[PDB]
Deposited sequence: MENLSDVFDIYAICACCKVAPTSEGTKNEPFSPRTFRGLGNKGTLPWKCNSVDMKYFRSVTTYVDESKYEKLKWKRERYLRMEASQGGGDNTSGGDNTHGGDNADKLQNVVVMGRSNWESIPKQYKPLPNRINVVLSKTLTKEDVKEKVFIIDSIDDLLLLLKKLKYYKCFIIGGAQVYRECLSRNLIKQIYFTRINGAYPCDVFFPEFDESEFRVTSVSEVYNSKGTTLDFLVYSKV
């Protein structure tokens, strides 16, 4: 069965256009994907975007007590054949990239993917897992609404490669910036755009919110 559907595994990210270079066999000035800029020097390519930060927080925070049961029954069902909050999953780099005055992300169950970190090290309240396999084990015995994959690059890749992504909330940052991290490529035929928001202006830079769903 589609584990992404059974455990509501979604992906949420923001990407901007990549700024050119001058020398490197990697500069993709004609990439078929205009918005693929994910990070730069362990940080977001652009500056604190309040409009997107608000969005990300509303989407990853929102829970609907009502619709839970139907989810609960779905999982209880799948399991035999073998406070409400969403889960947020992030790679170690992304986790370390987040300023302390934000970790752990509030109103959300925090999970970090790592092979090095340990409980003695990390003092914040977050589950540490060593593989997507262990992520499924955790989800299997955890009570949550939706599960959001929030980065970085390596975590997106693995999940899209295993077809563990049911939906992708993609913010398009209409601006070019230097980037050393890009959104991993995936077969776009298995998805279709289901939501295309109106345009927004954050201090002059525009941005929109697209939502893809698995076919």
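If you line the structure up with the deposited chain, the stretches without a C-alpha atom are 1, 84-105.
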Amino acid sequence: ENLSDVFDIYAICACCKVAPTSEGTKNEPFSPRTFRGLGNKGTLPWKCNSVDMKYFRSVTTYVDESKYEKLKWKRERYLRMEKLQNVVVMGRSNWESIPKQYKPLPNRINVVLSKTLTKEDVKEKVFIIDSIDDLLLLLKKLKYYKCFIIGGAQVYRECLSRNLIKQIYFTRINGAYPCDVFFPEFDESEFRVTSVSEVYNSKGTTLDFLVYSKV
From here on, numbers count along this sequence of modelled residues.
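The mean C-alpha temperature factor is higher for 24-32 when 165-173 and 24-32 are set side by side. Averaged over Cα atoms, the B-factor as recorded in the entry is higher for 116-124 than for the other of 86-94 and 116-124.
Taking the PDB entry at face value, the top CA B factor among 157, 57, 67, 146 belongs to 67. Out of 19, 9, 12, 196, it is 19 whose C-alpha atom has the highest B-factor in the PDB entry.
Among all modelled residues in this chain, the alpha-carbon of residue 137 has a temperature factor (C-alpha) in the highest third. Among the modelled residues of the chain, residue 63 sits in the middle third by CA temperature factor in this PDB entry.
When the modelled residues of the chain are ordered by C-alpha B-factor, residue 211 sits in the lowest third. Sort the chain's modelled residues by C-alpha temperature factor and residue 71 lands in the highest third, per the entry. The PDB entry assigns residue 81 a C-alpha temperature factor belonging to the highest third of its chain's modelled residues.
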